[PDB]
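Participant: Attaching a single structure in structure tokens format; questions to follow.
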Amino acid sequence: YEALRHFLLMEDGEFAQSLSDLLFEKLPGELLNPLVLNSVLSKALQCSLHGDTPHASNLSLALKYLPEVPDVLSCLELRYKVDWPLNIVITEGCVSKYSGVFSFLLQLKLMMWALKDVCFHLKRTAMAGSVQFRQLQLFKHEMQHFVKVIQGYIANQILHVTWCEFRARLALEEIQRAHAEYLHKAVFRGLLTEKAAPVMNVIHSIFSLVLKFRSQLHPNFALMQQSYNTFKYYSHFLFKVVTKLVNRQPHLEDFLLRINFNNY
Amino acid sequence: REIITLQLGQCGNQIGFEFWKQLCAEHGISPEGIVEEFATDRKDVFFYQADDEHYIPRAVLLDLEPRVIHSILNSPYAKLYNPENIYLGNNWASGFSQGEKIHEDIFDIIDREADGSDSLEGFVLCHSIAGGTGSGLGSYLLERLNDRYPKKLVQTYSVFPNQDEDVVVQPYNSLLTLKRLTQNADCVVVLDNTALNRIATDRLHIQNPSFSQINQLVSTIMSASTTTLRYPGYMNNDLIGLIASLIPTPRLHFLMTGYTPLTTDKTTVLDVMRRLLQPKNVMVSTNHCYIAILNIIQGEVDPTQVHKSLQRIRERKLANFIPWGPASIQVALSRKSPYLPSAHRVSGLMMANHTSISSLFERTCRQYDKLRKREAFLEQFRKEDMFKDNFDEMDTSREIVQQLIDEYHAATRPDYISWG
Amino acid sequence: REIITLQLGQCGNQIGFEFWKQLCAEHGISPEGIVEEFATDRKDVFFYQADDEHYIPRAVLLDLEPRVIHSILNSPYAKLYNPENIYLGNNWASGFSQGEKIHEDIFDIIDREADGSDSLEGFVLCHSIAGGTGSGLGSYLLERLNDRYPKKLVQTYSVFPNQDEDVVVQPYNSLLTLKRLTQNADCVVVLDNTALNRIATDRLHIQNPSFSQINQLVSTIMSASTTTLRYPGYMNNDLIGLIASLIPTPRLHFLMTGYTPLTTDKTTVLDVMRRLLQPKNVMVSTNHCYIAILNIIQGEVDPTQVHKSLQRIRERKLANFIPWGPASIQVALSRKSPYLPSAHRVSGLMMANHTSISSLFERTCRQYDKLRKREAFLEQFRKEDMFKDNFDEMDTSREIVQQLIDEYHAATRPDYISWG
């Protein structure tokens, strides 16, 4: 349990921060074979610093669709396979949902990578004290803040409170139900629910717009002002849809409180 | 990645010695650096790991007119380190020129330590503003690193000198030092003598050995700010991930700190939050509003109270911050430390960008401008005379700090949508 | 193949005696040359092997005004050699004329030793520039061998005389000697008195018997440069394979050396590389760039660090060399020596062609040209008067060293694609 928490939910430090970071250097005509990714995993397991166990072994890492195709979307499935008397508790359907949330939390790390990339392109030319430099840097601060609040939301719900209700959940039949509720209260607060499907739906548009923001450095100021205005339009609608989906949830209550604080 | 520590000056080497004794007592190691069996941790950021697990610190020691450096030299913690890097006035231009002539072999010491590291994250320096030997020299080596490496970060922990005004060129020296700080550094953490004087006179009854207890509080702060590095966390385990949210703008990069117990010899998340909202629990002394605040908590916390608390923290509006845009407080959790008695269980550390510190800068500006109007307070020392015959660097620094204070006062405004 | 050693002059016979005592103590043999049972090696290059394994060295001894040659004569190492080859001013023309009259029987000594060898690789000579008796004579025998044998190599280890300027014809003598060195020799290894003075004053506190310790350092260098010959390696076990990469051009064939410990009474490959990058670990004192560098390392090395090191050595750009074309550093490994205490485990030796030595030549050129403008510094000695009545060989040498310095200064340029 406390091993799959570290890897399948990316709760260990310098493991996700080394696995995904090596993954993003490649991105594509590469990553088309399972001999490069499974050794990148062997390199990330070394710098985990905690683990190095046979529970940190026998992991299966695969891409269900190989990339043969603004794109931010990329899939990856990490699983751990358990022996036979414990397989009846940890089924292969629960680990599949762990991989389903794994892929989304992986897709989050691309954003703190790519915004850092455009910050770092700008960092090596940080020269001009003009208005055009500072005005650019402001858009980066605006876009970084929403990432830093949505990750802090995920780093409240899926790993703290649903883990609070797992150290007091434990009672042989009850153990299977305890694992089955750990997953269910994670997927409820993960907003993978069909009730909260629009609010998860706008987040991809957010991702694609900051990638197009990342593509340019300079090419032109006006296209960046336009992309930033689209970002501001979407974020302006987000605050309305989140209060509307409490007018019709306690975990969703904190989201509107997070995105707005001493402002409107 | 890996972070290299630097130390110079009398106050800087004092607080570095206290920091290393703090992390010696804090983790399970010997005063020669042998691991204790009874103790797991990462100490690979600020200490190089050896084969008998000698965690020799990444501390380069520079000295000038050594008196207390000799006391550092003969110590039972002098077996913890020996990187062979110790190499020999009270003016800015004096320390600048003394660093200028030996910039090559100290740069060899720098590059040797850089080769000791495989990767790198940042340089910290232990420095005090207008410390005499430290002042000017520290600005010079800041210039050397800023010329040499644009790929790394610099974090700086330095105090603001206030001795309640024989030395009258001190505002000039501090002004030139802070000029280099605004333009050649990326993030500054500054503190006051007077606020630590208040907390020390409140928690205790000492007046004369105040430096020693100041060192203790600096060590507790520097451990606290580094705990998510040294104890393995899972977010902002790079320095730049911590620094990124607080600083939107390259001149307003000054960060003020707080810490919840004044005396440390339940508390709930509500209590420690509202205590941390006080300026009397903050170690730095129109309405002023924060740009962004960060809090890290370490203790025996219950995870469900914390969302209750920030609900009610919105509801009471016990903070007043509105820069112009959606930048709010960030609360985080780190491990309550083992291997020491965990009394005063829950303790928080607080990191913000607030515009009020400009006023304190303005106080110094008011002093310096007054002395600049009289022009009798450089005392015609020969060092500042060689380094600038026309003394126009003081006027350039004056126009830069004028730009800085104007950026501060505009940064208060909710029309800071442009020029940010 | 086999390499024949030559020695002449006071400093040359001193350093040859020290080299033979070095290789006596280094390998397992007696001071009469009997092999020790307790000791395998090849000593067939610089020593002829006998039936009781008397490794009698290939050292031809020439003397003129012997004082220290007598001390070499009565010695406990005078049973190691006796090839029966010892045959009797301070001017270039004097030593030239004295070698001129006895060129036949010393050439008989040469051909006798050549018949002693089955095959041959090169001639080394022990010589000092402007050494008095050695100067002029050494140029003459260099002319004799260059006339006689175009099939072999000559390696030369000689020092640059600097006594911090009674002898004022010394720049003329050194100029004529180096003229013969550029045109009649294939590879030159030159050293400075001042750089060895710096290393000796740093490692120790001696000033007056500096010659003796200089001899020790020369012996360590000459053993190091020969270790892949004497201890069986598998590459560049011919001299010409070593020499071939460093010299593209027949006038710029001057090679400078370094060696990692200054005091020799872990180290990693990174440490010893960057130490060897210093000019203070190099025994010779616009931007100057190397043409090519060679390093040989001997010690307890780990083979996987070395590729890490040259990765990072590319990355830091801690060397600055760009002749015009793709000639870079060559790193090699030789055996850590047994039969002696292996303390200061890993030690490196460094061999490059660098253009900076031209400046030192230019310094001598500046002196000689000044004396040539005054023309009062030959002192009208009769020897230089017979050998050249018009003193036009000095002007010819001046135009040759002008061509040499111009070739050096063009060799710095990245347009050296032509005239290379």
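By convention here, the chains of the structure tokens are called A, B, ... in the order presented, each chain's residues are numbered starting at 1, and ligands are numbered starting at 1 in the order presented.
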Please provide the set of residues having any atom within 10 Å of residue B:7, restricted to only C-alpha atoms, with same-chain residues fewer than 5 positions apart removed, written as a ChimeraX atom specification.

Facilitator: /B:12-17,59-63,124-127,134,138

Participant: Dump as CSV the rows for residues of chain B within 9 Å of chain C: closest atom pair and distance in Å with one decimal, only C-alpha atoms counted, ordered by chain and rising residue number.

Facilitator:
residue,atom,partner,partner_atom,distance
B:112,CA,C:271,CA,8.1
B:115,CA,C:270,CA,7.6
B:116,CA,C:270,CA,8.9

Participant: Which polymer residues have any atom within 9 Å of an atom of residue A:22, counting only C-alpha atoms, with same-chain residues fewer than 5 positions away left out, as a PyMOL selection string?

Facilitator: chain A and resi 17+40+44

Participant: Extract the full set of alpha helix (DSSP H) residues from stretch 79-287 of chain B according to DSSP on the backbone, and format it as a VMD selection string.

Facilitator: chain B and resid 92 to 101 103 to 116 137 to 148 170 to 184 193 to 203 210 to 230 239 to 243 269 to 276

Participant: Quick check for you: according to DSSP on this backbone, which residues of stretch 201-366 of chain B are classed as strand (DSSP E)? Reply as a ChimeraX atom specification.

Facilitator: /B:254-259,290-298,330-334,347-354

Participant: Restrict the distance test to only C-alpha atoms, flag each residue of chain B within 9 Å of chain A, and return the flagged residues as a ChimeraX atom specification.

Facilitator: /B:40,42,150-151,232-235,237,244-245,247-250,302-304,307,310-311,314,317,319-322,324-332,417-420

Participant: Take the residues that were just selected and, keeping N, CA and C atoms, output them as a CSV table (one decimal), in the first residue's frame.

Facilitator:
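Output saved as part-v2.csv:
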chain,number,residue,atom,x,y,z
B,40,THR,N,15.3,7.2,6.7
B,40,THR,CA,16.5,7.9,6.9
B,40,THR,C,16.6,9.2,6.1
B,42,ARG,N,18.4,12.6,3.7
B,42,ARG,CA,19.4,13.1,2.7
B,42,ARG,C,20.1,14.2,3.3
B,150,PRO,N,25.3,32.5,-15.2
B,150,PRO,CA,23.9,32.9,-15.3
B,150,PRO,C,22.9,31.7,-15.2
B,151,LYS,N,23.5,30.5,-15.0
B,151,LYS,CA,22.7,29.3,-15.0
B,151,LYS,C,22.2,28.9,-13.6
B,232,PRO,N,13.2,14.4,3.3
B,232,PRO,CA,12.8,14.2,2.0
B,232,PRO,C,11.3,14.6,1.8
B,233,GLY,N,11.0,15.7,1.2
B,233,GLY,CA,9.6,16.0,0.8
B,233,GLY,C,9.4,15.6,-0.6
B,234,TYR,N,8.3,16.1,-1.2
B,234,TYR,CA,8.0,15.7,-2.6
B,234,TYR,C,7.6,16.9,-3.4
B,235,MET,N,7.6,18.1,-2.9
B,235,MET,CA,7.4,19.3,-3.7
B,235,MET,C,8.3,20.4,-3.3
B,237,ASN,N,11.5,20.7,-3.9
B,237,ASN,CA,12.7,20.2,-3.4
B,237,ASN,C,13.9,20.7,-4.3
B,244,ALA,N,10.0,30.7,-7.1
B,244,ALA,CA,9.3,31.1,-8.3
B,244,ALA,C,8.0,31.9,-8.0
B,245,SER,N,7.3,31.4,-7.0
B,245,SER,CA,6.0,32.0,-6.7
B,245,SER,C,6.0,33.4,-6.1
B,247,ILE,N,8.3,35.9,-6.3
B,247,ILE,CA,9.0,37.0,-7.0
B,247,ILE,C,8.5,37.0,-8.4
B,248,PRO,N,7.6,38.0,-8.8
B,248,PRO,CA,7.2,38.1,-10.2
B,248,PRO,C,8.1,39.1,-11.0
B,249,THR,N,9.0,39.8,-10.2
B,249,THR,CA,9.7,41.0,-10.7
B,249,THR,C,11.1,41.1,-10.2
B,250,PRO,N,12.0,41.5,-11.1
B,250,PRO,CA,13.5,41.2,-10.8
B,250,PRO,C,14.1,42.2,-9.8
B,302,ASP,N,-3.3,17.8,12.3
B,302,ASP,CA,-4.4,17.0,11.8
B,302,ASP,C,-4.9,17.5,10.5
B,303,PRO,N,-5.0,16.7,9.5
B,303,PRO,CA,-5.1,17.2,8.1
B,303,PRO,C,-6.4,17.7,7.7
B,304,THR,N,-7.5,17.5,8.6
B,304,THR,CA,-8.8,18.0,8.2
B,304,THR,C,-9.1,19.4,8.7
B,307,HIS,N,-8.2,22.7,6.1
B,307,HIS,CA,-9.1,23.2,5.2
B,307,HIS,C,-10.1,24.1,5.9
B,310,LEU,N,-8.4,27.6,6.5
B,310,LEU,CA,-8.3,28.5,5.4
B,310,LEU,C,-9.6,29.0,4.9
B,311,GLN,N,-10.7,28.2,5.2
B,311,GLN,CA,-12.0,28.7,5.0
B,311,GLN,C,-12.2,30.0,5.9
B,314,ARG,N,-10.2,33.0,5.0
B,314,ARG,CA,-10.9,33.9,4.1
B,314,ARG,C,-12.0,34.7,4.7
B,317,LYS,N,-11.0,37.7,7.1
B,317,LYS,CA,-10.1,38.7,6.3
B,317,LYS,C,-9.0,39.2,7.2
B,319,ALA,N,-5.9,38.9,7.0
B,319,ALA,CA,-4.8,39.4,6.2
B,319,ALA,C,-5.4,40.5,5.3
B,320,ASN,N,-4.6,41.4,4.9
B,320,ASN,CA,-5.0,42.4,4.0
B,320,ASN,C,-4.0,42.5,2.8
B,321,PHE,N,-4.1,41.7,1.8
B,321,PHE,CA,-3.2,41.7,0.7
B,321,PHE,C,-4.0,41.7,-0.6
B,322,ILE,N,-3.7,42.7,-1.5
B,322,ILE,CA,-4.2,42.9,-2.8
B,322,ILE,C,-3.2,43.6,-3.7
B,324,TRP,N,-2.5,43.4,-7.3
B,324,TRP,CA,-3.6,43.7,-8.2
B,324,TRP,C,-4.2,42.5,-8.8
B,325,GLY,N,-3.6,41.3,-8.4
B,325,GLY,CA,-3.9,40.1,-9.1
B,325,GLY,C,-3.9,38.9,-8.3
B,326,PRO,N,-4.2,37.7,-8.8
B,326,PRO,CA,-4.7,36.6,-8.1
B,326,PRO,C,-3.6,35.8,-7.3
B,327,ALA,N,-2.7,36.5,-6.6
B,327,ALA,CA,-1.6,35.8,-5.9
B,327,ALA,C,-1.8,35.8,-4.4
B,328,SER,N,-2.0,34.6,-3.9
B,328,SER,CA,-2.4,34.4,-2.5
B,328,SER,C,-1.4,33.5,-1.7
B,329,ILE,N,-1.8,33.2,-0.5
B,329,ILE,CA,-1.0,32.4,0.4
B,329,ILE,C,-0.8,31.0,-0.1
B,330,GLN,N,0.3,30.4,0.2
B,330,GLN,CA,0.6,29.0,-0.1
B,330,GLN,C,1.0,28.3,1.2
B,331,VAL,N,0.2,27.3,1.6
B,331,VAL,CA,0.5,26.6,2.8
B,331,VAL,C,1.1,25.2,2.5
B,332,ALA,N,2.1,24.8,3.2
B,332,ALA,CA,2.8,23.5,3.0
B,332,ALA,C,3.1,22.8,4.3
B,417,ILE,N,-1.1,46.4,-13.1
B,417,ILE,CA,-1.4,45.5,-14.2
B,417,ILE,C,-0.3,45.7,-15.3
B,418,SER,N,0.0,46.9,-15.5
B,418,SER,CA,1.2,47.2,-16.3
B,418,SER,C,2.4,47.6,-15.4
B,419,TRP,N,3.6,47.6,-16.0
B,419,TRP,CA,4.9,47.7,-15.3
B,419,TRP,C,5.0,46.8,-14.1
B,420,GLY,N,4.9,45.5,-14.3
B,420,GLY,CA,5.0,44.5,-13.2
B,420,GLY,C,6.3,43.7,-13.3

Participant: Report as a ChimeraX atom specification all protein, DNA and RNA residues lying within 8 Å of stretch 224-228 of chain A, evaluated on only C-alpha atoms, omitting residues in the same chain fewer than 5 positions from it.

Facilitator: /A:139,209-210,212-213

Participant: Any chance you can output those residues with C-alpha atoms as an mmCIF file, in the first residue's frame?

Facilitator:
data_model
loop_
_atom_site.group_PDB
_atom_site.id
_atom_site.type_symbol
_atom_site.label_atom_id
_atom_site.label_comp_id
_atom_site.auth_asym_id
_atom_site.auth_seq_id
_atom_site.Cartn_x
_atom_site.Cartn_y
_atom_site.Cartn_z
ATOM 1 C CA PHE A 139 2.284 36.921 -18.241
ATOM 2 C CA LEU A 209 -2.899 27.579 -24.703
ATOM 3 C CA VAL A 210 0.139 27.759 -22.419
ATOM 4 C CA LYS A 212 1.284 27.745 -27.717
ATOM 5 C CA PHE A 213 2.450 30.506 -25.370
#

Participant: Report, in Å to a single decimal, how far apart atom CA of residue B:120 and atom CA of residue B:2 are.

Facilitator: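 Taking atom CA of residue B:2 as the start and atom CA of residue B:120 as the end point, the length is 4.6 Å.
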
Participant: Taking only C-alpha atoms into account, name the residue in A:57, A:107, A:87, A:176 that is nearest to residue A:74.

Facilitator: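 Selected residue with least distance to residue A:74: A:107.
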
Participant: What is the distance, in Å and to one decimal place, between atom CA of residue C:363 and atom CA of residue C:180?

Facilitator: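 These two atoms are separated by 18.8 Å.
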
Participant: Just the residues within 10 Å of stretch 75-82 of chain B, please, counting only C-alpha atoms, with nothing from its chain fewer than 2 positions along; format it as a VMD selection string.

Facilitator: chain B and resid 17 20 to 21 24 29 to 34 47 54 to 61 70 to 73 84 to 86

Participant: Can those selected residues be exported to a file as an mmCIF file, in the first residue's frame so that it contains N, CA, C and O atoms?

Facilitator:
data_model
loop_
_atom_site.group_PDB
_atom_site.id
_atom_site.type_symbol
_atom_site.label_atom_id
_atom_site.label_comp_id
_atom_site.auth_asym_id
_atom_site.auth_seq_id
_atom_site.Cartn_x
_atom_site.Cartn_y
_atom_site.Cartn_z
ATOM 1 N N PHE B 17 28.908 28.937 11.213
ATOM 2 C CA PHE B 17 29.349 28.015 12.256
ATOM 3 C C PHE B 17 28.170 27.539 13.094
ATOM 4 O O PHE B 17 28.051 26.344 13.401
ATOM 5 N N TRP B 20 26.086 25.059 10.998
ATOM 6 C CA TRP B 20 26.666 23.728 10.882
ATOM 7 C C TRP B 20 26.602 22.985 12.203
ATOM 8 O O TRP B 20 26.409 21.767 12.214
ATOM 9 N N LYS B 21 26.736 23.695 13.327
ATOM 10 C CA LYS B 21 26.513 23.047 14.617
ATOM 11 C C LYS B 21 25.049 22.661 14.792
ATOM 12 O O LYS B 21 24.741 21.639 15.422
ATOM 13 N N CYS B 24 24.618 19.627 12.766
ATOM 14 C CA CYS B 24 25.341 18.546 13.424
ATOM 15 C C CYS B 24 24.505 17.937 14.540
ATOM 16 O O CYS B 24 24.363 16.713 14.630
ATOM 17 N N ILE B 29 24.759 12.488 13.512
ATOM 18 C CA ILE B 29 26.157 12.364 13.122
ATOM 19 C C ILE B 29 27.044 12.855 14.257
ATOM 20 O O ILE B 29 26.583 13.529 15.182
ATOM 21 N N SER B 30 28.324 12.514 14.169
ATOM 22 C CA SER B 30 29.354 12.881 15.129
ATOM 23 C C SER B 30 29.886 14.281 14.834
ATOM 24 O O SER B 30 29.668 14.815 13.741
ATOM 25 N N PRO B 31 30.597 14.915 15.786
ATOM 26 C CA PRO B 31 31.258 16.195 15.477
ATOM 27 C C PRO B 31 32.509 16.069 14.612
ATOM 28 O O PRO B 31 33.121 17.090 14.280
ATOM 29 N N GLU B 32 32.920 14.850 14.258
ATOM 30 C CA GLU B 32 33.870 14.648 13.171
ATOM 31 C C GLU B 32 33.172 14.197 11.900
ATOM 32 O O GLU B 32 33.824 14.031 10.865
ATOM 33 N N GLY B 33 31.862 13.987 11.962
ATOM 34 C CA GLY B 33 31.067 13.667 10.796
ATOM 35 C C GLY B 33 30.815 12.193 10.575
ATOM 36 O O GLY B 33 30.322 11.816 9.511
ATOM 37 N N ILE B 34 31.100 11.350 11.559
ATOM 38 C CA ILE B 34 30.793 9.928 11.455
ATOM 39 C C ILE B 34 29.317 9.739 11.768
ATOM 40 O O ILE B 34 28.789 10.351 12.704
ATOM 41 N N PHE B 47 26.143 18.831 2.167
ATOM 42 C CA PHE B 47 27.278 18.055 2.640
ATOM 43 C C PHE B 47 27.651 17.027 1.588
ATOM 44 O O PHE B 47 26.782 16.325 1.062
ATOM 45 N N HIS B 54 31.348 10.514 6.116
ATOM 46 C CA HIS B 54 31.765 11.834 6.566
ATOM 47 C C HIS B 54 31.074 12.857 5.680
ATOM 48 O O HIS B 54 31.441 13.048 4.519
ATOM 49 N N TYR B 55 30.048 13.493 6.228
ATOM 50 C CA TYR B 55 29.276 14.486 5.497
ATOM 51 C C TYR B 55 29.995 15.818 5.636
ATOM 52 O O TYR B 55 29.644 16.658 6.462
ATOM 53 N N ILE B 56 31.019 16.002 4.810
ATOM 54 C CA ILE B 56 31.866 17.187 4.856
ATOM 55 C C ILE B 56 31.104 18.312 4.166
ATOM 56 O O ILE B 56 30.721 18.157 3.005
ATOM 57 N N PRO B 57 30.845 19.430 4.846
ATOM 58 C CA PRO B 57 29.934 20.435 4.284
ATOM 59 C C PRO B 57 30.526 21.159 3.085
ATOM 60 O O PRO B 57 31.742 21.290 2.943
ATOM 61 N N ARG B 58 29.635 21.635 2.213
ATOM 62 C CA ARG B 58 30.025 22.476 1.085
ATOM 63 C C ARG B 58 30.174 23.924 1.536
ATOM 64 O O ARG B 58 29.435 24.797 1.081
ATOM 65 N N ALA B 59 31.123 24.181 2.435
ATOM 66 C CA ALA B 59 31.302 25.506 3.015
ATOM 67 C C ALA B 59 32.702 26.013 2.713
ATOM 68 O O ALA B 59 33.692 25.520 3.264
ATOM 69 N N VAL B 60 32.778 27.026 1.860
ATOM 70 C CA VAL B 60 34.047 27.662 1.545
ATOM 71 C C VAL B 60 34.229 28.797 2.544
ATOM 72 O O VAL B 60 33.306 29.581 2.799
ATOM 73 N N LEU B 61 35.374 28.802 3.213
ATOM 74 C CA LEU B 61 35.632 29.756 4.278
ATOM 75 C C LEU B 61 36.647 30.794 3.826
ATOM 76 O O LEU B 61 37.810 30.469 3.569
ATOM 77 N N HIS B 70 39.811 32.213 14.012
ATOM 78 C CA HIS B 70 40.715 31.373 14.791
ATOM 79 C C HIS B 70 39.959 30.501 15.783
ATOM 80 O O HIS B 70 40.313 29.336 15.970
ATOM 81 N N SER B 71 38.917 31.042 16.419
ATOM 82 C CA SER B 71 38.119 30.237 17.343
ATOM 83 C C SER B 71 37.323 29.174 16.600
ATOM 84 O O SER B 71 37.049 28.098 17.145
ATOM 85 N N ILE B 72 36.933 29.466 15.357
ATOM 86 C CA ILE B 72 36.320 28.445 14.514
ATOM 87 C C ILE B 72 37.347 27.373 14.165
ATOM 88 O O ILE B 72 37.020 26.183 14.055
ATOM 89 N N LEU B 73 38.618 27.774 14.055
ATOM 90 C CA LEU B 73 39.669 26.873 13.590
ATOM 91 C C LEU B 73 39.980 25.782 14.608
ATOM 92 O O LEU B 73 40.064 24.602 14.250
ATOM 93 N N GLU B 84 40.345 22.808 2.761
ATOM 94 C CA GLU B 84 41.582 23.543 2.489
ATOM 95 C C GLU B 84 41.294 24.738 1.591
ATOM 96 O O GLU B 84 41.682 24.756 0.421
ATOM 97 N N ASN B 85 40.566 25.711 2.126
ATOM 98 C CA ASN B 85 40.061 26.837 1.356
ATOM 99 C C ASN B 85 40.172 28.151 2.120
ATOM 100 O O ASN B 85 39.671 29.185 1.668
ATOM 101 N N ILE B 86 40.825 28.115 3.278
ATOM 102 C CA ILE B 86 40.921 29.278 4.149
ATOM 103 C C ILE B 86 42.041 30.168 3.630
ATOM 104 O O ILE B 86 43.202 29.748 3.564
#

Participant: Using only C-alpha atoms, which residue out of A:115, A:246, A:19, A:197 lies closest to residue A:48?

Facilitator: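 Checking each of A:115, A:246, A:19, A:197 against residue A:48, counting only C-alpha atoms, the winner is A:19.
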
Participant: If you measure from atom CA of residue A:236 to atom CA of residue A:75, what distance in Å do you get, rounded to one decimal?

Facilitator: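 Distance between the two atoms: 29.1 Å.
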